[PDB]
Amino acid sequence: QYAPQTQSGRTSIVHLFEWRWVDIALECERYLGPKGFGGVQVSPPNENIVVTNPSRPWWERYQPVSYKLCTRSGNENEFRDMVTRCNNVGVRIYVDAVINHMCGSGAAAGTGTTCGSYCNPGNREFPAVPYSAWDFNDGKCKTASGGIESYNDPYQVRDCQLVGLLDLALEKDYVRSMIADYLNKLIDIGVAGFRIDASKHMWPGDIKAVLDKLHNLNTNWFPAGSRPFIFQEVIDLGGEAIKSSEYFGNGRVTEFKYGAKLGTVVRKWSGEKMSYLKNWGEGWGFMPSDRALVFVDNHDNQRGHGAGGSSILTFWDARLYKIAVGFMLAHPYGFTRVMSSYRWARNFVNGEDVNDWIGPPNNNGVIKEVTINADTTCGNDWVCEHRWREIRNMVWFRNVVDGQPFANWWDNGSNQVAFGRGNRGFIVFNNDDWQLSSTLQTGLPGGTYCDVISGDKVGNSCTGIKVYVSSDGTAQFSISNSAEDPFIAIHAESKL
């Protein structure tokens, strides 16, 4: 469940948060395929409850009412069309599987749902599944409120309601099977794997029971005997009762310590310095690389009060964000997931964004299409970080150096560091408040390389900075602390 199942050589996936199926299909063909992206994590494709207060927040999609592929992103025909078109150009689709719960227990009964299905939350009725009161954890939960009151008790975290959400009785074969049927339909359609939502709130064994029922991947695009890629979303920053390691037997796990620690370091908070990143990975107390799904930020924490809090770097802090994303994409640790967001009107009161609920760009509830501008950026307030040259080229960098070991590390004892990947790539960073001017061993063959951060290799020339590597592998890197992008990256395919 550990292999990403991306086409050979493609090493990253991108979270196209709240994007509609038709836009993702076009994106695979016009961009993701040609640019070497391994796949796309899509928002929950199953029907959810409509939330009118606030008006259509992004989080209403985490309140399932059925397993019908009918959402604001599109219907079943559009979903299938997207999976087919993306797979046909070598770009995989990974589904955000919301299976720990249904909608809020306080929600009203009716057909105010994304596909018009009926549900009565108060009586635990979800006829479109179908689920009834017998399929929920109400009696199993031992807290007086019926909700999670203490994370120090693994039992209530798994058996009680997460923020009032109706907790599914995952111990039951009926429920496990109902979930497996939904997931298997997705697999047969062409999906390569799943992001298991709120995994921390389910027992590792229950998840395993669901996973054991899954089909092998569709042979139209994958080799026979291929198991779906599984990455479980478990928020574990350490120092708590539930550990990410409890889920290693099911597949990969999201390493939230990654972005929290990296953001703190790049921001230079708590006395942290980039030079400390020499032993990045397990050296920093992280899970094994082969069990990790890493990222700088995700849809939750980019809003400021998730795992990592204010230390999390996002598109709002563009310069430092590109540095953090670049370091991640160059470092061999874990399987990388790049974030792709939309802008919203932030309003911090007492250190917290009260507008963090704002849903995707829309016209009266209808999600806007993703328009592409001549300069390759996006319109309609879709940030499209995955299209920024500095990120796009680092995604390619990761593909180029795939399999090469961490090597030639260098640091100035403060915030200037550098390292390579075997003899195929090298990256240099200056995060200090002064000039970087050093001749370093790159581990690369002599020649002239185009810096893929400031530009690209076009024909027999570079559009940006050029790096002349000596016969002995050394090269001078001069980066001012006032540079827009204080880092340089070169690889085998950027060589003239």
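For every residue, the number given is its place in the sequence shown, counted from 1.
- Taking only CA atoms, the mean B-factor in the PDB entry is higher for 121-129 than for the other of 386-394 and 121-129.
- If you average the C-alpha B-factors over 370-378 and over 418-426, the higher value belongs to 370-378.
- Going by the entry's values, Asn362 shows the largest Cα B-factor out of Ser199, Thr71, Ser340, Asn362.
- Of the candidates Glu255, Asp317, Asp96, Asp300, it is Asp317 whose Cα B-factor is highest according to the PDB record.
- In the deposited entry, the Cα temperature factor of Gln63 places it in the lowest third of its chain's modelled residues.
- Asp173 sits in the highest third of its chain by CA B factor, as recorded in the PDB entry.
- Residue-level temperature factors show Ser482 in the highest third of its chain, judged at the C-alpha atom.
- The entry lists a Cα temperature factor for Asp159 that places it in the highest third of the chain's modelled residues.
- Remark: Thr114 belongs to the middle third of its chain, ranked by C-alpha B-factor as recorded.
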